[PDB]
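Take a look at this one chain, the form deposited in one PDB entry, written out in structure tokens.
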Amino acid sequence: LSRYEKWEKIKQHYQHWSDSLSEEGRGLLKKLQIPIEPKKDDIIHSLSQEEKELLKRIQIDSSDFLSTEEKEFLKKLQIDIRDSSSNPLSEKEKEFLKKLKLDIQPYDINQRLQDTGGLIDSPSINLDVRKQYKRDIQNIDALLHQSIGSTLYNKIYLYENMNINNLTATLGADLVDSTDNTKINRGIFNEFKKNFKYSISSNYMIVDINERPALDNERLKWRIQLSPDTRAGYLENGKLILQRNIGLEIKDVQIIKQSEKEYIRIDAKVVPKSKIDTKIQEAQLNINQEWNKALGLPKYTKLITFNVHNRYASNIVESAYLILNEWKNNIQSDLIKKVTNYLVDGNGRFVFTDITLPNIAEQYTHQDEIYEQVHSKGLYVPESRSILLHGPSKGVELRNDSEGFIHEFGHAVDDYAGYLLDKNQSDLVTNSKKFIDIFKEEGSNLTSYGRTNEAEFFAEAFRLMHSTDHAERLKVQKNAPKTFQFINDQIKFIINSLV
């Protein structure tokens, strides 16, 4: 092989292609590798001084609609204004921040592709910028026309280092052994691997020709074999950019040692994306048939959607089975059937996805304003009667995804309770005067996040009331007894409704 010969051999295979790039095609490939960050300068100059002042004083971490990267850029903003315990955010703070959110995003082509799963017409960004992305993406596709071919494809491996958290933030938090960081927690490793059979790249993978030693937080070391018709381009310093929309079969996942630290080897083979989409679609059919039976729904009913497009694809699929099983185990059968039938009556969905929730139609078709769209671990959208669950991310103070689902189902229970109460004036039961008063009293007795408003308080209480941990079910009865009773009352009220 030889690392250096391999490199020169691949470079030569693409030499005509490289020499052919215009300065425009060249600038585009660099824009793809290096996103154009927002200039913190311009940002602050566009604010009024009352907003400069307002921004400085906000508890940024107490936002439920901002990601970590976003929260961090705003603290770096907060401080540069200034160089010249967890109370719920105010109304005028939230409105301000929701709009500021739209002005601090990088122009990041690979990120736009990952967040949308390639559905780049999703109205989750400004239409002018949306077309820019599309122009760049179409141009890059056209550049990437030369396949790796029949000679090189089975004679080379390509490599990618990855952060575990890019696939699953929930497992990533505890994949490195806590008492020794050079070691992989064997139990977590078995779970990460058990349902990792295929993977989709909806963006342009940038891969190394020769394996590169891990940097900070790169415990995943992919080794990838291309197919002869995989299209790619040479990039300087020993790299290849691969075409978007490819499928990978996971051939082997192993713990391995490199320089006295432990790493996860992921061996993968490029296959046609369509082959993997067929597996996904088949599993969607399967899980709907299983759960239409269990719920006494017509067999052709479409209730569960796999909206799946990214690198941990197969786990998002297997995970939905578990999530729904825990849901079934910890919630009364009749409550489940009554509420789910209500959601089916409104064409609702359980959406399990690895794209960001603003790019889910059950959210965006009812939320025209981007400053009102939300990304998070989970969501209930009453206008479309759907529960949305984002696989890859980790919910704030959430053990697992099963608990997150139960919380969202809590929002659905609120919806249906208030509907039954007044079917002509459909409102949320937590908007009722009785519950409002309960909230002003007990509202601070459960989780910190339960303080936000009536709806979340209800959903947290509901979730805690159905925990597998008996201690938690009891802390609600003890610390929030009117809420406890109010909810069990809603539950009886729903279960006793007609057919």
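All residue numbers refer to positions in the sequence shown, first residue = 1. Note that the rigid core is defined as the largest set of C-alphas that superpose within 1.5 Å between two forms.
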**OP:** Determine if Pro88 is unmodelled in a third or more of the other PDB entries compared for this protein.
**Re:** yes
Subject >> Interresidue gap class [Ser84, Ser85; deposited sequence, unmodelled] >> reply: 10 or more
Original post:
Of the two stretches 122-130 and 300-308, which shows the higher Cα B-factor on average in the entry?
Top reply: 300-308
Original post:
Out of 172-180 and 226-234, which stretch has the higher average CA B-factor listed in the record?
Top reply: 172-180
Original post:
Whose CA atom has the top B-factor in the entry, of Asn210, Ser376, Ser90, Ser386?
Top reply: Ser90
Original post:
Going by the entry, which of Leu66, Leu32, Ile436, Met465 has the most elevated CA B factor?
Top reply: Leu66
Subject >> Chain-wide C-alpha B factor ranking for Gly27, given as lowest, middle or highest third >> reply: lowest
Original post:
In terms of the chain's CA B-factor thirds, is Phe73 lowest, middle or highest?
Top reply: highest
**OP:** Using the B-factor values recorded in the entry, state whether the Cα atom of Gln477 falls in the lowest, middle or highest third among the modelled residues of its chain.
**Re:** highest
Subject >> For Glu456, the third of its chain into which the C-alpha B factor falls >> reply: lowest
Subject >> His145 CA temperature factor, ranked by third within the chain >> reply: middle
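Beyond what is shown, the protein has a form deposited in another entry; the following relates to that form.
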Subject >> Of the candidates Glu441, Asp64, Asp469, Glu37, the only Cα that travels 2 Å or more between the shown form and the other one, given a rigid-core fit >> reply: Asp64
Original post:
Fitting the rigid core first, would the Cα of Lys131 be found 2 Å or more away between the shown form and the other one?
Top reply: no
Original post:
Is it true that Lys76 shifts between the shown form and the other one by 2 Å or more at the Cα, once the core is aligned?
Top reply: yes
